[PDB]
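The chain that follows stands alone, in the form deposited in one PDB entry, written as structure tokens.
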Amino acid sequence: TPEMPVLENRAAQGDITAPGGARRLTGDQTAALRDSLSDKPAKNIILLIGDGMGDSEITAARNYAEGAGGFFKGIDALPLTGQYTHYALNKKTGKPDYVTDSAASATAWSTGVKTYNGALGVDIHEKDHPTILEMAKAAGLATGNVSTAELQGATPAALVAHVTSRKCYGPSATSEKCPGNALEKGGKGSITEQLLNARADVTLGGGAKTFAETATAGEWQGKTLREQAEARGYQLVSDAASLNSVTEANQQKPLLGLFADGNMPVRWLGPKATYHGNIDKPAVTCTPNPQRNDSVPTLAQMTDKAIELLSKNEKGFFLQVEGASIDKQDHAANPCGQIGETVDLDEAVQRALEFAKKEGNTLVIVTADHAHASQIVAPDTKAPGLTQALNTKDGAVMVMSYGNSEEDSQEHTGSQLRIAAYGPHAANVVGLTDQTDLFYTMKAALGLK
């Protein structure tokens, strides 16, 4: 049967100065698209999130790492494409809040209800809603949660926690900031305690710092959340070699890999963008980070191990992978750290596509939770914010601009952005959709009742 193609090569076909040379298409696409459509059940879902990776971040990373007529073998290879909205809600009024934070957007694809900036897993009325990871596990599917961020970070956290503030990392912060979720006040716990109660088969990421926190109540009071994880039966891993020796990850032997105290290291370094950086300073070439290490698994390696372990479950699996520091670096106005993290994510999408195209029954979805600050501007721009000129693979210079704040971070933006997919039920990402629809597409694809 024509079992669904990936877009093989969408690079410019020839000499970009010549007629037809910059074309990405060889022929008519109708039949390839016809063969890409299937409403059969999805056995597995792999959802890759570039945090903050709107189309601007994708173009900039492409121009730099692959050239303007280049092609990302992972990211750009998904055949069904759309654009979706991710506006949040204003908690007091219930009216749209046009620019979402990373908690309210993540809660929307994980539970299918809109919420307010800061909420995790609860709606504006502070009522919880089951998440797609809780439902998959209730149906017996294996589940995985992978990020390069600390695991208490808004995006992995939204899959396993229901707190009224993304700040309730562990016991201290929760008692203070989320009293009604505080375990000593009869609540469900902090993000980390809920992480631990949620028991996904594979959880991989950073954030080991909050696991030193000690519980205020419950049958594990006075123990650290790390001790509690061990007692409860998790196999803890802290470096790449131990991750590679893990052969089983399942419900009474769940894997928890904590590879960094905070966020895992970024791939590329570069200077921060500066006022009139393109006019006043030289073009930049990004530097590989000397401290990332063979001891610290890359996102693609974490993805790969996750798929290996999770696919031993006969029933199927749900996996979420997060390319977390695209956002952070965009916030920091650091082009090289932002682009390196988009390159890094592209390798994980490659792994995912590899497995999915071999397996024939996996919906792979690649999107971002919201748009962000960076804009590609003409090389000579005199802009009011932070700018930087970079030397791209084409041997030309590209200038990036961060101009939506005078304060500490550069902000997110509310523009609609790409969602792309491959596999059974991928048709539901084409055209205009809302971020909450992603929930219902994945629930329906998997057939969760």
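Quick note: we count residues from 1 along the sequence shown, nothing fancier.
Below, we refer to the form deposited with a partner chain bound, which is not included among the displayed structures.
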| item | value |
| --- | --- |
| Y116, heavy atom within 4.5 angstroms of its partner chain in the bound PDB entry | yes |
| is_contact(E347, its partner chain) in the bound PDB entry, heavy atom dist at most 4.5 Å | no |
| Proximity of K167 to its partner chain in the bound PDB entry, heavy atoms at 4.5 Å | yes |
| 4.5 angstroms heavy atom contact with its partner chain in the bound PDB entry for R226 | no |
| In the bound PDB entry, the one of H331, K177, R199, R351 near its partner chain [non-hydrogen atom within 4.5 angstroms] | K177 |
